[PDB]
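Just below is one structure, and these are the notes that go with it.
Lettering follows sequence order; numbering is per chain, from 1. Only this structure's heavy atoms are used, side chains among them; waters, hydrogens and symmetry mates stay out.
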Amino acid sequence: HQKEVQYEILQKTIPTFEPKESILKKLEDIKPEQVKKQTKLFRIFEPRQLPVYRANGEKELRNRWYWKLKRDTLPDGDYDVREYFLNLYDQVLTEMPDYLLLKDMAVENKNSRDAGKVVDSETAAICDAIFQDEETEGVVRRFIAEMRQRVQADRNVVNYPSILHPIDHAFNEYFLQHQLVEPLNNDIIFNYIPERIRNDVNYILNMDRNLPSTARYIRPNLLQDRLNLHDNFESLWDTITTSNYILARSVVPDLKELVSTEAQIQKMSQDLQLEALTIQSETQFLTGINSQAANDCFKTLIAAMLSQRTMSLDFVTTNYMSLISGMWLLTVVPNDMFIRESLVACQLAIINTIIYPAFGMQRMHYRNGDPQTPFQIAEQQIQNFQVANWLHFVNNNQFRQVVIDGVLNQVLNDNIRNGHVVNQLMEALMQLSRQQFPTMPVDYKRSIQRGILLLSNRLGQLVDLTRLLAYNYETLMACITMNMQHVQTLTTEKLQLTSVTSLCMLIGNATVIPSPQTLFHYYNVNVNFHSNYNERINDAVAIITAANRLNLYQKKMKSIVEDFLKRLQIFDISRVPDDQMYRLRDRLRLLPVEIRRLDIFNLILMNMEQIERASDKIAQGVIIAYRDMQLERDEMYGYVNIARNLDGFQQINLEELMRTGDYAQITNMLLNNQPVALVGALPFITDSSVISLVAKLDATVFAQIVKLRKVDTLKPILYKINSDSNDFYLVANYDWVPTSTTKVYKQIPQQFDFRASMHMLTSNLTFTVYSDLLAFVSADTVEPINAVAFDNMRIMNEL
Amino acid sequence: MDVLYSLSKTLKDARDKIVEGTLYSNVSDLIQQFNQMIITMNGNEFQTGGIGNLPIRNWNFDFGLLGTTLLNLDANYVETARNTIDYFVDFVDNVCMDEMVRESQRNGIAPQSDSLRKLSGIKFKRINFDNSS
């Protein structure tokens, strides 16, 4: 009960999904980066006809074309506007196309006299409207009737005429110029195969598909870990290694033609003579020895080494058969793959139950925390060359680090790979079978020596098993794309030494190597996980950097980091410790932004002010000048209390005033009639009444600021006095200058100019994008009887 | 020698480019290189000058990274950068002086001062960047 409670306390800090095996599904559901295709040109603006007015305020008989936001939904308040632009950045990023083929969007130009086409249907609508307009220049009309697309099918190129606002053109041109599709040929697919599988003679790889020159693909982003999650993220790294371990378990092959469990069990029972002993646990000795345990051990060992997940050793000390098998385990598996306590416990059991008693040595009084393991002390304290040499190997058989194709890999000693070191183990334990065991009771001594010989007499089977395990490890490690970082994990995989005994005593001579399809699936899952990891890092870094550069100080990067971890698909975010979340935020803040996202952000940032000033529902400020200023004469309004700039006035930032809550300066200025300019995205009331201007209602809208100490309800009056006003006669039939004490800081819409909006959009005529490159590889394997290892000899030679 | 030159070059770039009001895009790569230098040098002890009247100087590096979040650099950013830059510039000058006053008949091309010998280790090779002089 207590142990369960403490382990639950520890596990609640690890974001691993509790049904471990379910993780496999979540890992295999990660698909390649979804390929996005553009269906229409990206547009923020449209041309719109608006009424215009003469200098006297009379509506003219013609409308004029102006650029207007297609979706005018900008909020009030500068902070909310910057949030709106961050959301626009996210929308553009999500809807950003990976490639474009303009011919899909090409439509018929109705007024073309030469079978002309334009992109897109919106351009066709604009061109038709301009063609029918009476105020259009004859040259522009003739050009619309004559402008042509150019389709060069031999070159795989298309150019189409388009009408676009300069910002819209900037976005679409960026999409066209920076597509993610690369030419795909058989050389690229061949090099996509891991280099060590292309060199393995056990796999026959062929290219029985023809790729047209129009083939395309998107390169996965196999950048190595920029967050260094193996460093100082114990819970996240525990989760990562657990997921990798589950996947590796899924891909490790199953053993075939194992020794008959009945025959081996009867042999071991006859040799050990346990019934004749006085062991309190007579039944438990040979329990756990079966084919299922052997397969589980094989899978656990290879998967743990592949995922670099720490293993714990679970054994009953009185079961010396488990210890004898653990001798082989420590011989072949690097000792750094085990939690220090488990390795020390297993080695000390071996020393104090088998090895030192064999040589008549005083039982080792080992001290926990000793920099030396029990075997490292025994190597010096044991003089026999066989046992000492085996101990030396076991002490120094840690993983070696080597970078292959940019991936860090944990590789084994060559004596493990060829299985030769098993001989040394055999030699060592053969010596242990000849030892006197001076003071040991003779029946127990005989049982131990006969178990030692049980393991010894399987020398050929154990050499074959070691070579098979090493070959499977190397072949599946060729399929790893992220650095195999070795860290001692929080939790371990528990390895029963009885399963090790099953594997050692039941392995036959049937070679089992990973199938080519299994290798390709494992490699594809690894590539998908790596690419998704890098892409989500890019998205998180882009959004964090944009929020900082947009000065969104109330934005919580915690939500961004949680979304990132959720999109990694293998973290239960509820169990991520807060210190690790904040460390993740800090490390993400330090990374530079990916080029494509950063360029899109630069575009949005540089066009922010223009997009904002195009909105018809927010103004950029309001000047309160307690002198009478003439209403400006604007073609869009008639008479309008519009300020072109804020020169000559003290500026109070409304966002800063809202954030501080200090209204002393604004209150003092409003009470004393001190001219000022309130700056910030503000909603305004459009007042067309001349009587309202005479009543001076625009000056009556600022007392609520002092009353409520709020600026979120400030709605200044923008006068729009023209012939459409019900009381415009007051302006027309009387001698006076319409004035007001307040002006609204707002901009005038940009006029539509055909020359400045007509562009040629260029793309490719057509291509096909492919995702599964390894589907183009015909992969076969040799008969397992003939499968060879790195040394060109058969993996299993006992035949 | 390449690591010492890279330290000096990074510091010169920091002095010339980390200025108030400058776009972060003007320094982003430089800020990455500077942070790499800080990470590489942090936690290392150096000693320069025990020859002639050159004083014994002890150097400890415990510095925070520079921010990557501003759009334009401001006074706070420049002050933090300037403090770090001043310490690093003093260290580089002392290391250069310590190396300049030493000579060897056998391997005179190889580093003579212990500081430059330490900087020739692999753990500092990350600092190395553009060698244009």
Tell me the closest heavy-atom pair linking [X] and [Y], and the distance in Å.
| X | Y | result |
| --- | --- | --- |
| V525(A) | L27(A) | CG1-O, 4.0 Å |
| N534(A) | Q224(A) | OD1-O, 4.4 Å |
| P675(A) | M669(A) | O-CE, 3.6 Å |

Kindly check if the number of other-residue, nucleotide or ligand heavy atoms within 6.0 Å of [atom1] ([X]) is above 12?
| X | atom1 | answer |
| --- | --- | --- |
| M760(A) | CE | yes |
| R659(A) | CZ | yes |
| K40(A) | NZ | no |
| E95(A) | CD | no |
| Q34(A) | CD | no |
| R644(A) | CZ | yes |
| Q750(A) | CD | yes |
| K710(A) | NZ | no |

**OP:** To the nearest 0.5 Å, tell me how far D579(A) CG sits from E234(A) CD.
**Re:**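 Reported value, rounded in 0.5 Å steps: 8.5 Å.
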
**OP:** Enumerate the residue pairs fulfilling side chain to side chain donor-acceptor pair (under 3.5 Å) with a member in residues 73-85 of chain B, sequence neighbours excluded, ordered by first and then second residue.
**Re:**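 Output for this query is empty, none listed.
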
Original post:
Can a cation-pi geometry be assigned to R587(A) and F233(A), taking NZ or CZ under 6.0 Å from the six-membered ring centre and within 45° of the ring axis?
Top reply: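 No, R587(A) does not sit over the ring of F233(A).
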
Subject >> Cation-pi, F17(A) ring and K26(A) (6.0 angstrom, 45 degrees) >> reply: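 Yes, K26(A) sits over the ring of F17(A).
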
**OP:** For a side-chain contact (heavy atoms from CB on, under 4.5 Å) with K566(A), tell me which candidate from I573(A), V561(A), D572(A) qualifies.
**Re:**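 Filter result, single survivor: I573(A).
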
**OP:** Indicate yes or no: at least one non-hydrogen side-chain atom of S235(A) is less than 4.5 angstrom from one of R575(A).
**Re:**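 With C-beta onward as the side chain, the pair stays apart.
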
**OP:** Take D225(A) and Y533(A), measure what side-chain contact (heavy atoms from CB on, under 4.5 Å) needs, and give me the verdict at the end.
**Re:** CA-CA 9 Å; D225(A) 194 11; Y533(A) 181 64; 2.4 Å; yes

Table please: side-chain donor-acceptor pairs of residues 80-93 of chain A below 3.5 Å, with sequence neighbours left out.
from   : atom 1 : to      : atom 2 : distance (Å)
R82(A) : NE     : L550(A) : O      : 2.5
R82(A) : NH1    : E655(A) : OE1    : 2.9
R82(A) : NH2    : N551(A) : O      : 2.7
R82(A) : NH2    : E655(A) : OE2    : 2.9
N87(A) : OD1    : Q91(A)  : NE2    : 3.2
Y89(A) : OH     : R597(A) : O      : 2.9

Subject >> Any donor-acceptor pair under 3.5 Å from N172(A) side chain to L41(A) backbone >> reply: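 No, the answer is negative, given that no donor and acceptor are paired below the 3.5 Å cut-off.
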
Original post:
Any donor-acceptor pair under 3.5 Å linking the side chain of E173(A) with the backbone of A170(A)?
Top reply: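 Side chain of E173(A) to backbone of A170(A): no pair is present.
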
In residues 20-27 of chain B, what donor-acceptor pairs under 3.5 Å come from side-chain atoms, sequence neighbours left out?
from   : atom 1 : to     : atom 2 : distance (Å)
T22(B) : OG1    : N26(B) : ND2    : 3.3

